[PDB]
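Engineer: Quick one: this structure, given as structure tokens, is what I'll be asking you about.
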Number of protein chains: 2
Amino acid sequence: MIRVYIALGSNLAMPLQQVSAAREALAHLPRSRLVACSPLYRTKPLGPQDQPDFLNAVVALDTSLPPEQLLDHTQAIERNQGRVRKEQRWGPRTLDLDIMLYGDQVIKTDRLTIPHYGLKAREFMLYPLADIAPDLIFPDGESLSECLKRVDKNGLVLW
Amino acid sequence: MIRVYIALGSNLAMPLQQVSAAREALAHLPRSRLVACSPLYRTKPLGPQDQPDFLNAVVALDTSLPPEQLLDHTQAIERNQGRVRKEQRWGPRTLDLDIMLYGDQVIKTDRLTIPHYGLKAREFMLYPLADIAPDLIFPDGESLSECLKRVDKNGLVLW
Ligand SMILES: Nc1ncnc2c1ncn2[C@@H]1O[C@H](COP(=O)(O)CP(=O)(O)OP(=O)(O)O)[C@@H](O)[C@H]1O
Ligand SMILES: Nc1ncnc2c1ncn2[C@@H]1O[C@H](COP(=O)(O)CP(=O)(O)OP(=O)(O)O)[C@@H](O)[C@H]1O
Ligand SMILES: Nc1nc2c(c(=O)[nH]1)N=C(CO)CN2
Ligand SMILES: Nc1nc2c(c(=O)[nH]1)N=C(CO)CN2
Ligand SMILES: [Mg+2]
Ligand SMILES: [Mg+2]
Ligand SMILES: [Mg+2]
Ligand SMILES: [Mg+2]
């Protein structure tokens, strides 16, 4: 199977339940196996708008699902959790699942760009990733440990 | 000023309103000037979910605003139009403004990736772009004309 890293994020007032349900939903994906979970982190939301802090985590999963099938599945999870709360686009985010890495491949389609475009600049993705995959080396050759030296925690703390 | 290309999209039942309001909002952006508008196109929505067709267009503008400021402004416009409708995240999209190109620069930050990651695979971005910038050459050196040979209209027709 292919090793995949998914970023979970939620900045609802009480985001804990969203992330836990998501980790559950992910572990039960067709032809996939949950491999490891990172600690949970409280992070500062990007953008000029003032909103609730984010709850961020990263999960490692092994899968046989191709990129697009994987995306249909993660979006289905986001969609189920969002619909339940009649989620407004411009307000707190219920659950955001970003495919950070898909094996050591570079995916570029009308619906995907993997590695996630902001992985190497987002502490809320890099730090949790380093907790479960410290010796990881990105598809472009740069190692995660090197990226960490370039990206500050930026206020990131344990949830 | 820097030449920028913005993708406008909306797949509400009555999307004309949104795109027209957006074109005007863009034309009145600080230290920016509207340069040209592409024709309006009816396009097929990406993704497994079944929803209304999209209304897509491309606008060219000159600006003195740096990437981050430009983004803050386009999101402000999306937000203004979406808020009023209490827009649901998992329903039709009121207005989506994607920065397609920024001069001939490659911008990669925690909030931005330009050229837009899907530009080269999306007929709804490429065709309207070719209407107003047929001889354009992407930052990587490939011409839009050559890129067009690889991407099909995919059901794209005039609105
Ligand atoms: N690696 C990736 N993981 C998940 N979705 C991706 C992706 N690369 C591109 N996408 C696309 O991103 C689209 C919009 O997803 P959203 O979750 O609304 C963006 P976001 O995660 O809120 O912002 P961000 O990309 O700045 O983190 C999806 O419909 C999907 O097609
Ligand atoms: N070129 C670009 N233009 C606009 N937003 C961009 C961008 N590159 C990255 N983004 C980021 O994308 C984030 C989510 O924007 P959304 O509009 O919700 C994604 P979308 O446009 O719905 O899907 P898409 O990226 O697959 O087209 C923004 O908050 C912004 O920081
Ligand atoms: N701290 C923090 N900020 C964000 C995050 C996120 O996961 N964490 N996701 C975003 C868009 O998906 C925008 N901003
Ligand atoms: N036809 C069409 N499909 C889409 C579009 C779009 O503008 N047009 N935008 C998307 C996400 O921003 C997803 N899908
Ligand atoms: Mg995200
Ligand atoms: Mg996402
Ligand atoms: Mg957008
Ligand atoms: Mg878009």
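Residue names in the structure tokens use chain letters A, B, ... in the order shown, residue numbers from 1 in each chain, and ligand numbers from 1 in the order shown.
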Using only C-alpha atoms and all ligand atoms, find each protein or nucleic acid residue lying at most 8 Å from ligand 6; present the set as a PyMOL selection string.

Structural biologist: chain A and resi 96-99

Engineer: Could you produce a table of the residues of chain B lying within 10 Å of chain A, with the nearest pair of atoms per residue and their separation in Å rounded to one decimal, using only C-alpha atoms, ordered by chain and increasing residue number, as a Markdown table?

Structural biologist:
```
| residue | atom | partner | partner_atom | distance |
| --- | --- | --- | --- | --- |
| B:46 | CA | A:111 | CA | 7.3 |
| B:47 | CA | A:72 | CA | 7.7 |
| B:48 | CA | A:72 | CA | 7.2 |
| B:49 | CA | A:72 | CA | 9.2 |
| B:68 | CA | A:47 | CA | 9.4 |
| B:71 | CA | A:47 | CA | 9.5 |
| B:72 | CA | A:48 | CA | 7.3 |
| B:75 | CA | A:47 | CA | 9.6 |
| B:76 | CA | A:49 | CA | 9.6 |
| B:78 | CA | A:90 | CA | 9.2 |
| B:79 | CA | A:90 | CA | 6.5 |
| B:80 | CA | A:90 | CA | 9.5 |
| B:82 | CA | A:90 | CA | 7.2 |
| B:83 | CA | A:90 | CA | 6.6 |
| B:85 | CA | A:88 | CA | 9.6 |
| B:86 | CA | A:88 | CA | 6.3 |
| B:87 | CA | A:88 | CA | 5.6 |
| B:88 | CA | A:88 | CA | 4.4 |
| B:89 | CA | A:89 | CA | 4.1 |
| B:90 | CA | A:79 | CA | 6.4 |
| B:91 | CA | A:83 | CA | 9.2 |
| B:93 | CA | A:89 | CA | 9.1 |
| B:94 | CA | A:89 | CA | 9.8 |
| B:108 | CA | A:118 | CA | 7.2 |
| B:109 | CA | A:121 | CA | 6.0 |
| B:110 | CA | A:118 | CA | 5.0 |
| B:111 | CA | A:118 | CA | 6.9 |
| B:112 | CA | A:118 | CA | 7.4 |
| B:113 | CA | A:117 | CA | 6.2 |
| B:114 | CA | A:117 | CA | 9.6 |
| B:116 | CA | A:113 | CA | 9.8 |
| B:117 | CA | A:113 | CA | 6.2 |
| B:118 | CA | A:110 | CA | 4.9 |
| B:119 | CA | A:110 | CA | 7.7 |
| B:120 | CA | A:110 | CA | 8.0 |
| B:121 | CA | A:110 | CA | 5.1 |
| B:122 | CA | A:110 | CA | 5.7 |
| B:123 | CA | A:110 | CA | 9.1 |
```

Engineer: Fewer than 5 positions away in the same chain doesn't count, so skip those; otherwise give me all residues within 12 Å of residue 104 (chain B), counting only C-alpha atoms, as a count of residues only.

Structural biologist: 13

Engineer: I'd like the contact shell of region 62-66 of chain B - 8 Å cut-off, only C-alpha atoms, skipping same-chain residues fewer than 6 positions apart - returned as a ChimeraX atom specification.

Structural biologist: /B:1-4,30-35

Engineer: Could you give me, as a list in words, every polymer residue with an atom at most 7 Å away from an atom of ligand 4, counting only C-alpha atoms and all ligand atoms?

Structural biologist: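 Selection of residues at most 7 Å from ligand 4: residues 8, 9, 10, 43, 44, 45, 46, 47, 53, 54, 55, 56, 96 and 124 of chain B.
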
Engineer: Among the residues of chain B, find those DSSP assigns to helix (DSSP H, G or I) from the backbone and print them as a tab-separated table (two decimals) with N, CA and C atoms, in the first residue's frame.

Structural biologist:
```tsv
chain	number	residue	atom	x	y	z
B	16	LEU	N	-25.10	34.84	-12.68
B	16	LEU	CA	-24.77	36.07	-13.39
B	16	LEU	C	-24.55	37.24	-12.44
B	17	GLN	N	-25.45	37.39	-11.47
B	17	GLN	CA	-25.37	38.47	-10.50
B	17	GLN	C	-24.02	38.54	-9.80
B	18	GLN	N	-23.58	37.39	-9.29
B	18	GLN	CA	-22.32	37.29	-8.56
B	18	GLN	C	-21.11	37.69	-9.39
B	19	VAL	N	-20.99	37.11	-10.57
B	19	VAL	CA	-19.86	37.41	-11.44
B	19	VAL	C	-19.83	38.88	-11.84
B	20	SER	N	-21.00	39.47	-12.12
B	20	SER	CA	-21.03	40.88	-12.51
B	20	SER	C	-20.60	41.78	-11.36
B	21	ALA	N	-21.12	41.51	-10.16
B	21	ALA	CA	-20.76	42.29	-8.99
B	21	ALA	C	-19.26	42.16	-8.73
B	22	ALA	N	-18.71	40.97	-8.93
B	22	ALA	CA	-17.28	40.72	-8.70
B	22	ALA	C	-16.38	41.49	-9.67
B	23	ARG	N	-16.77	41.52	-10.94
B	23	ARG	CA	-16.00	42.23	-11.96
B	23	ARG	C	-15.91	43.72	-11.60
B	24	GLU	N	-16.97	44.27	-11.03
B	24	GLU	CA	-16.97	45.68	-10.65
B	24	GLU	C	-16.14	45.88	-9.40
B	25	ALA	N	-16.28	44.98	-8.44
B	25	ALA	CA	-15.52	45.08	-7.20
B	25	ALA	C	-14.03	45.02	-7.51
B	26	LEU	N	-13.65	44.15	-8.44
B	26	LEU	CA	-12.25	44.03	-8.82
B	26	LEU	C	-11.74	45.30	-9.48
B	27	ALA	N	-12.55	45.87	-10.37
B	27	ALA	CA	-12.18	47.09	-11.09
B	27	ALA	C	-11.92	48.27	-10.15
B	67	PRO	N	1.10	40.12	-3.47
B	67	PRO	CA	0.24	38.93	-3.40
B	67	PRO	C	-0.69	38.85	-2.20
B	68	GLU	N	-0.14	38.95	-1.00
B	68	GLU	CA	-0.93	38.87	0.22
B	68	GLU	C	-2.04	39.92	0.31
B	69	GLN	N	-1.74	41.15	-0.08
B	69	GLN	CA	-2.75	42.20	-0.03
B	69	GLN	C	-3.83	41.95	-1.06
B	70	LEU	N	-3.42	41.50	-2.24
B	70	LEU	CA	-4.36	41.20	-3.31
B	70	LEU	C	-5.33	40.12	-2.84
B	71	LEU	N	-4.78	39.07	-2.23
B	71	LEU	CA	-5.57	37.95	-1.72
B	71	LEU	C	-6.55	38.43	-0.63
B	72	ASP	N	-6.08	39.29	0.27
B	72	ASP	CA	-6.95	39.81	1.32
B	72	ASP	C	-8.14	40.52	0.69
B	73	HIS	N	-7.88	41.23	-0.41
B	73	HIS	CA	-8.94	41.94	-1.10
B	73	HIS	C	-9.90	41.04	-1.87
B	74	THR	N	-9.39	40.04	-2.58
B	74	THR	CA	-10.30	39.16	-3.31
B	74	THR	C	-11.17	38.37	-2.33
B	75	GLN	N	-10.57	37.88	-1.24
B	75	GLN	CA	-11.32	37.12	-0.24
B	75	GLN	C	-12.38	38.02	0.39
B	76	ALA	N	-12.05	39.30	0.55
B	76	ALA	CA	-12.98	40.26	1.12
B	76	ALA	C	-14.22	40.30	0.22
B	77	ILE	N	-13.99	40.33	-1.09
B	77	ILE	CA	-15.08	40.36	-2.06
B	77	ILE	C	-15.91	39.08	-1.98
B	78	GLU	N	-15.24	37.93	-1.98
B	78	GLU	CA	-15.95	36.64	-1.89
B	78	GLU	C	-16.81	36.67	-0.62
B	79	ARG	N	-16.17	37.04	0.49
B	79	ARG	CA	-16.82	37.09	1.79
B	79	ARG	C	-18.04	38.02	1.81
B	80	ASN	N	-17.89	39.21	1.24
B	80	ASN	CA	-18.99	40.16	1.20
B	80	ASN	C	-20.19	39.57	0.48
B	81	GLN	N	-19.93	38.92	-0.65
B	81	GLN	CA	-21.00	38.32	-1.44
B	81	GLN	C	-21.58	37.07	-0.81
B	82	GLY	N	-20.73	36.28	-0.15
B	82	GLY	CA	-21.19	35.06	0.49
B	82	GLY	C	-21.91	35.27	1.81
B	83	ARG	N	-21.38	36.16	2.65
B	83	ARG	CA	-21.98	36.45	3.94
B	83	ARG	C	-23.46	36.79	3.83
B	119	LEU	N	-4.48	25.44	-12.78
B	119	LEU	CA	-4.56	26.21	-14.02
B	119	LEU	C	-4.33	25.41	-15.30
B	120	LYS	N	-3.23	24.66	-15.35
B	120	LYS	CA	-2.89	23.89	-16.54
B	120	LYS	C	-3.76	22.68	-16.85
B	121	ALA	N	-4.72	22.36	-15.99
B	121	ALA	CA	-5.57	21.20	-16.23
B	121	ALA	C	-7.05	21.58	-16.28
B	123	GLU	N	-10.02	23.51	-18.05
B	123	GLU	CA	-10.49	24.18	-19.24
B	123	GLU	C	-11.22	25.49	-18.92
B	124	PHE	N	-11.89	25.53	-17.77
B	124	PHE	CA	-12.63	26.74	-17.39
B	124	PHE	C	-11.74	27.92	-16.99
B	125	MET	N	-10.44	27.66	-16.86
B	125	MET	CA	-9.49	28.73	-16.55
B	125	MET	C	-8.68	29.04	-17.81
B	126	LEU	N	-8.25	27.99	-18.50
B	126	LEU	CA	-7.42	28.13	-19.70
B	126	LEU	C	-8.07	28.75	-20.92
B	127	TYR	N	-9.27	28.31	-21.28
B	127	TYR	CA	-9.92	28.85	-22.46
B	127	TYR	C	-10.23	30.33	-22.35
B	128	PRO	N	-10.86	30.76	-21.24
B	128	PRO	CA	-11.17	32.19	-21.09
B	128	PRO	C	-9.85	32.97	-21.05
B	129	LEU	N	-8.81	32.38	-20.47
B	129	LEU	CA	-7.52	33.05	-20.41
B	129	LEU	C	-6.96	33.27	-21.82
B	130	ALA	N	-7.11	32.26	-22.67
B	130	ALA	CA	-6.60	32.36	-24.04
B	130	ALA	C	-7.36	33.42	-24.84
B	131	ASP	N	-8.62	33.66	-24.48
B	131	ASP	CA	-9.40	34.66	-25.18
B	131	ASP	C	-8.81	36.06	-25.00
B	132	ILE	N	-8.28	36.35	-23.82
B	132	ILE	CA	-7.72	37.67	-23.57
B	132	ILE	C	-6.20	37.73	-23.57
B	144	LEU	N	0.68	29.09	-23.42
B	144	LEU	CA	-0.72	28.76	-23.18
B	144	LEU	C	-1.26	28.01	-24.39
B	145	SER	N	-0.84	28.44	-25.58
B	145	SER	CA	-1.28	27.80	-26.82
B	145	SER	C	-0.93	26.31	-26.85
B	146	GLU	N	0.27	25.96	-26.38
B	146	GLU	CA	0.67	24.56	-26.36
B	146	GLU	C	-0.09	23.82	-25.28
B	147	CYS	N	-0.33	24.49	-24.16
B	147	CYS	CA	-1.06	23.88	-23.06
B	147	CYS	C	-2.50	23.57	-23.48
B	148	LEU	N	-3.07	24.44	-24.32
B	148	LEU	CA	-4.44	24.25	-24.81
B	148	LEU	C	-4.63	22.98	-25.62
B	149	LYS	N	-3.58	22.55	-26.31
B	149	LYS	CA	-3.63	21.35	-27.12
B	149	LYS	C	-3.86	20.11	-26.26
B	150	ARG	N	-3.44	20.19	-25.00
B	150	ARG	CA	-3.58	19.07	-24.07
B	150	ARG	C	-4.90	19.05	-23.31
```

Engineer: So that I can check the secondary structure, give me every residue of chain A assigned strand (DSSP E or B) by backbone DSSP, as a PyMOL selection string.

Structural biologist: chain A and resi 2-10+32-37+41-43+54-63+88+96-102+105+107-108+113-114+137+143+157-158

Engineer: For CA of residue 51 (chain B) and CA of residue 6 (chain A), quote the distance in Å rounded to one decimal.

Structural biologist: 26.5 Å

Engineer: Between CA of residue 58 (chain B) and CA of residue 133 (chain B), what distance in Å does the model show, to one decimal?

Structural biologist: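 For CA of residue 58 (chain B) relative to CA of residue 133 (chain B), the distance reads 10.2 Å.
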